[PDB]
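Text of my_file-v8.pdb (PDB, N, CA and C atoms and all ligand atoms) as supplied:
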MODEL        1
ATOM      1  N   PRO V   1       0.861  -1.224   0.000
ATOM      2  CA  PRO V   1       0.000   0.000   0.000
ATOM      3  C   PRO V   1       0.881   1.252   0.000
ATOM      4  N   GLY V   2       1.249   1.729  -1.157
ATOM      5  CA  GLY V   2       2.104   2.949  -1.225
ATOM      6  C   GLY V   2       1.254   4.141  -1.680
ATOM      7  N   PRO V   3       1.911   5.122  -2.243
ATOM      8  CA  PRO V   3       1.249   6.342  -2.738
ATOM      9  C   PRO V   3       0.601   6.082  -4.103
ATOM     10  N   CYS V   4       0.320   7.118  -4.850
ATOM     11  CA  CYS V   4      -0.303   6.917  -6.194
ATOM     12  C   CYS V   4       0.788   6.901  -7.269
ATOM     13  N   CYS V   5       1.554   7.958  -7.371
ATOM     14  CA  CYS V   5       2.614   8.020  -8.411
ATOM     15  C   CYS V   5       3.912   7.411  -7.896
ATOM     16  N   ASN V   6       3.866   6.197  -7.434
ATOM     17  CA  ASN V   6       5.116   5.539  -6.979
ATOM     18  C   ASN V   6       5.700   4.862  -8.212
ATOM     19  N   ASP V   7       4.839   4.542  -9.139
ATOM     20  CA  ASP V   7       5.268   3.915 -10.410
ATOM     21  C   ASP V   7       4.148   4.117 -11.434
ATOM     22  N   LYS V   8       3.333   5.133 -11.257
ATOM     23  CA  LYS V   8       2.221   5.353 -12.224
ATOM     24  C   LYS V   8       1.707   6.794 -12.192
ATOM     25  N   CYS V   9       2.192   7.656 -13.031
ATOM     26  CA  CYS V   9       1.591   9.012 -13.017
ATOM     27  C   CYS V   9       0.151   8.792 -13.472
ATOM     28  N   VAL V  10      -0.751   8.788 -12.546
ATOM     29  CA  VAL V  10      -2.180   8.501 -12.862
ATOM     30  C   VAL V  10      -2.989   9.777 -12.872
ATOM     31  N   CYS V  11      -2.382  10.873 -13.174
ATOM     32  CA  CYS V  11      -3.154  12.115 -13.183
ATOM     33  C   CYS V  11      -3.784  12.271 -14.555
ATOM     34  N   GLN V  12      -3.104  11.796 -15.553
ATOM     35  CA  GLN V  12      -3.645  11.888 -16.931
ATOM     36  C   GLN V  12      -5.079  11.389 -16.936
ATOM     37  N   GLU V  13      -5.415  10.582 -15.983
ATOM     38  CA  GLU V  13      -6.796  10.060 -15.909
ATOM     39  C   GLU V  13      -7.362  10.326 -14.505
ATOM     40  N   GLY V  14      -7.353   9.342 -13.646
ATOM     41  CA  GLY V  14      -7.881   9.543 -12.264
ATOM     42  C   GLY V  14      -7.339   8.433 -11.366
ATOM     43  N   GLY V  15      -6.153   7.973 -11.644
ATOM     44  CA  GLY V  15      -5.570   6.862 -10.842
ATOM     45  C   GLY V  15      -4.772   7.389  -9.641
ATOM     46  N   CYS V  16      -4.490   8.667  -9.569
ATOM     47  CA  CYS V  16      -3.704   9.175  -8.433
ATOM     48  C   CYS V  16      -4.377   8.787  -7.113
ATOM     49  N   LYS V  17      -3.916   9.347  -6.025
ATOM     50  CA  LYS V  17      -4.521   9.040  -4.694
ATOM     51  C   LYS V  17      -4.177  10.163  -3.710
ATOM     52  N   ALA V  18      -4.430   9.960  -2.443
ATOM     53  CA  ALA V  18      -4.113  11.015  -1.435
ATOM     54  C   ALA V  18      -2.642  10.906  -1.017
ATOM     55  N   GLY V  19      -1.761  10.723  -1.962
ATOM     56  CA  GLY V  19      -0.310  10.612  -1.634
ATOM     57  C   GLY V  19       0.497  10.900  -2.898
ATOM     58  N   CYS V  20       0.338  12.069  -3.452
ATOM     59  CA  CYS V  20       1.059  12.413  -4.700
ATOM     60  C   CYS V  20       2.447  12.986  -4.393
ATOM     61  N   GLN V  21       3.470  12.186  -4.525
ATOM     62  CA  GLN V  21       4.853  12.688  -4.281
ATOM     63  C   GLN V  21       5.480  13.000  -5.640
ATOM     64  N   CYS V  22       4.995  12.343  -6.655
ATOM     65  CA  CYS V  22       5.494  12.552  -8.033
ATOM     66  C   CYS V  22       5.533  14.050  -8.372
ATOM     67  N   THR V  23       6.203  14.395  -9.440
ATOM     68  CA  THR V  23       6.292  15.825  -9.850
ATOM     69  C   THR V  23       6.075  15.923 -11.363
ATOM     70  N   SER V  24       4.975  15.412 -11.846
ATOM     71  CA  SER V  24       4.697  15.465 -13.311
ATOM     72  C   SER V  24       3.184  15.536 -13.535
ATOM     73  N   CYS V  25       2.466  15.961 -12.536
ATOM     74  CA  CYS V  25       1.016  16.113 -12.637
ATOM     75  C   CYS V  25       0.643  17.212 -11.671
ATOM     76  N   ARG V  26      -0.012  18.197 -12.157
ATOM     77  CA  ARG V  26      -0.430  19.324 -11.283
ATOM     78  C   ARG V  26      -1.738  18.869 -10.669
ATOM     79  N   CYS V  27      -1.581  18.010  -9.713
ATOM     80  CA  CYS V  27      -2.709  17.356  -9.031
ATOM     81  C   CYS V  27      -3.667  18.419  -8.518
ATOM     82  N   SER V  28      -3.263  19.109  -7.495
ATOM     83  CA  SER V  28      -4.131  20.175  -6.921
ATOM     84  C   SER V  28      -3.613  21.545  -7.361
TER      85      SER V  28
HETATM   86 CD    CD K   1       1.910  12.139 -11.074
HETATM   87 CD    CD K   2      -0.190  11.039  -7.968
HETATM   88 CD    CD K   3      -1.905  13.717  -9.799
ENDMDL
END

Please re-express this file's structure in structure tokens.
Ligand SMILES: [Cd+2]
Ligand SMILES: [Cd+2]
Ligand SMILES: [Cd+2]
Amino acid sequence: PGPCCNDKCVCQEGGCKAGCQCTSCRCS
């Protein structure tokens, strides 16, 4: 159970989660 973009920038759609550490999706 990790974050969302640990191995999947899921912002392009809606796969992210309440743990966006990645830096390639302007989540909020
Ligand atoms: Cd991302
Ligand atoms: Cd994310
Ligand atoms: Cd995101």

Shortest interatomic distance to ligand CD 1 (chain K) - which of V:18, V:24, V:3, V:13, counting all atoms listed in the file: V:24

Neighbourhood of ligand CD 1 (chain K) at 6 Å, counting only C-alpha atoms and all ligand atoms, reported as JSON, numbers by chain: {"V": [5, 9, 10, 11, 22, 23, 24, 25]}

Grab the residues selected above and save them as an mmCIF file, in the coordinates of the input with N, CA and C atoms.
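Result saved to again-v3.cif:
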data_model
loop_
_atom_site.group_PDB
_atom_site.id
_atom_site.type_symbol
_atom_site.label_atom_id
_atom_site.label_comp_id
_atom_site.auth_asym_id
_atom_site.auth_seq_id
_atom_site.Cartn_x
_atom_site.Cartn_y
_atom_site.Cartn_z
ATOM 1 N N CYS V 5 1.554 7.958 -7.371
ATOM 2 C CA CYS V 5 2.614 8.020 -8.411
ATOM 3 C C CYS V 5 3.912 7.411 -7.896
ATOM 4 N N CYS V 9 2.192 7.656 -13.031
ATOM 5 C CA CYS V 9 1.591 9.012 -13.017
ATOM 6 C C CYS V 9 0.151 8.792 -13.472
ATOM 7 N N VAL V 10 -0.751 8.788 -12.546
ATOM 8 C CA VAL V 10 -2.180 8.501 -12.862
ATOM 9 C C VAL V 10 -2.989 9.777 -12.872
ATOM 10 N N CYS V 11 -2.382 10.873 -13.174
ATOM 11 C CA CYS V 11 -3.154 12.115 -13.183
ATOM 12 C C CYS V 11 -3.784 12.271 -14.555
ATOM 13 N N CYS V 22 4.995 12.343 -6.655
ATOM 14 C CA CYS V 22 5.494 12.552 -8.033
ATOM 15 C C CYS V 22 5.533 14.050 -8.372
ATOM 16 N N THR V 23 6.203 14.395 -9.440
ATOM 17 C CA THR V 23 6.292 15.825 -9.850
ATOM 18 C C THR V 23 6.075 15.923 -11.363
ATOM 19 N N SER V 24 4.975 15.412 -11.846
ATOM 20 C CA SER V 24 4.697 15.465 -13.311
ATOM 21 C C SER V 24 3.184 15.536 -13.535
ATOM 22 N N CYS V 25 2.466 15.961 -12.536
ATOM 23 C CA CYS V 25 1.016 16.113 -12.637
ATOM 24 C C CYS V 25 0.643 17.212 -11.671
#

Contacts of ligand CD 2 (chain K), 5 Å or closer, all atoms listed in the file, given as a ChimeraX atom specification: /V:4-5,16-17,20

Atomic distance atom N of residue 27 of chain V - atom N of residue 7 of chain V, expressed in Å with one decimal: 14.9 Å

Reconstruct N, CA, C and O atoms of segment 10-22 of chain V from the incomplete input and present them as a PDB file, in the frame of the given file.
ATOM      1  N   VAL V  10      -0.751   8.788 -12.546  1.00  0.00           N
ATOM      2  CA  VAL V  10      -2.180   8.501 -12.862  1.00  0.00           C
ATOM      3  C   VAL V  10      -2.989   9.777 -12.872  1.00  0.00           C
ATOM      4  O   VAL V  10      -4.171   9.775 -12.600  1.00  0.00           O
ATOM      5  N   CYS V  11      -2.382  10.873 -13.174  1.00  0.00           N
ATOM      6  CA  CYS V  11      -3.154  12.115 -13.183  1.00  0.00           C
ATOM      7  C   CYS V  11      -3.784  12.271 -14.555  1.00  0.00           C
ATOM      8  O   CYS V  11      -4.868  12.796 -14.709  1.00  0.00           O
ATOM      9  N   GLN V  12      -3.104  11.796 -15.553  1.00  0.00           N
ATOM     10  CA  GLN V  12      -3.645  11.888 -16.931  1.00  0.00           C
ATOM     11  C   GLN V  12      -5.079  11.389 -16.936  1.00  0.00           C
ATOM     12  O   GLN V  12      -5.872  11.737 -17.787  1.00  0.00           O
ATOM     13  N   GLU V  13      -5.415  10.582 -15.983  1.00  0.00           N
ATOM     14  CA  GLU V  13      -6.796  10.060 -15.909  1.00  0.00           C
ATOM     15  C   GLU V  13      -7.362  10.326 -14.505  1.00  0.00           C
ATOM     16  O   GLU V  13      -7.799  11.419 -14.203  1.00  0.00           O
ATOM     17  N   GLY V  14      -7.353   9.342 -13.646  1.00  0.00           N
ATOM     18  CA  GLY V  14      -7.881   9.543 -12.264  1.00  0.00           C
ATOM     19  C   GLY V  14      -7.339   8.433 -11.366  1.00  0.00           C
ATOM     20  O   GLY V  14      -7.999   7.975 -10.454  1.00  0.00           O
ATOM     21  N   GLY V  15      -6.153   7.973 -11.644  1.00  0.00           N
ATOM     22  CA  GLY V  15      -5.570   6.862 -10.842  1.00  0.00           C
ATOM     23  C   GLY V  15      -4.772   7.389  -9.641  1.00  0.00           C
ATOM     24  O   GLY V  15      -4.386   6.627  -8.777  1.00  0.00           O
ATOM     25  N   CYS V  16      -4.490   8.667  -9.569  1.00  0.00           N
ATOM     26  CA  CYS V  16      -3.704   9.175  -8.433  1.00  0.00           C
ATOM     27  C   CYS V  16      -4.377   8.787  -7.113  1.00  0.00           C
ATOM     28  O   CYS V  16      -5.307   8.005  -7.080  1.00  0.00           O
ATOM     29  N   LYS V  17      -3.916   9.347  -6.025  1.00  0.00           N
ATOM     30  CA  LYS V  17      -4.521   9.040  -4.694  1.00  0.00           C
ATOM     31  C   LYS V  17      -4.177  10.163  -3.710  1.00  0.00           C
ATOM     32  O   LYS V  17      -3.685  11.206  -4.094  1.00  0.00           O
ATOM     33  N   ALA V  18      -4.430   9.960  -2.443  1.00  0.00           N
ATOM     34  CA  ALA V  18      -4.113  11.015  -1.435  1.00  0.00           C
ATOM     35  C   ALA V  18      -2.642  10.906  -1.017  1.00  0.00           C
ATOM     36  O   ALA V  18      -2.310  10.988   0.149  1.00  0.00           O
ATOM     37  N   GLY V  19      -1.761  10.723  -1.962  1.00  0.00           N
ATOM     38  CA  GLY V  19      -0.310  10.612  -1.634  1.00  0.00           C
ATOM     39  C   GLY V  19       0.497  10.900  -2.898  1.00  0.00           C
ATOM     40  O   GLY V  19       1.236  10.066  -3.383  1.00  0.00           O
ATOM     41  N   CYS V  20       0.338  12.069  -3.452  1.00  0.00           N
ATOM     42  CA  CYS V  20       1.059  12.413  -4.700  1.00  0.00           C
ATOM     43  C   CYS V  20       2.447  12.986  -4.393  1.00  0.00           C
ATOM     44  O   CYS V  20       2.591  14.149  -4.071  1.00  0.00           O
ATOM     45  N   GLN V  21       3.470  12.186  -4.525  1.00  0.00           N
ATOM     46  CA  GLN V  21       4.853  12.688  -4.281  1.00  0.00           C
ATOM     47  C   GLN V  21       5.480  13.000  -5.640  1.00  0.00           C
ATOM     48  O   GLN V  21       6.369  13.819  -5.768  1.00  0.00           O
ATOM     49  N   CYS V  22       4.995  12.343  -6.655  1.00  0.00           N
ATOM     50  CA  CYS V  22       5.494  12.552  -8.033  1.00  0.00           C
ATOM     51  C   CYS V  22       5.533  14.050  -8.372  1.00  0.00           C
ATOM     52  O   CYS V  22       4.965  14.873  -7.682  1.00  0.00           O
TER      53      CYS V  22
END
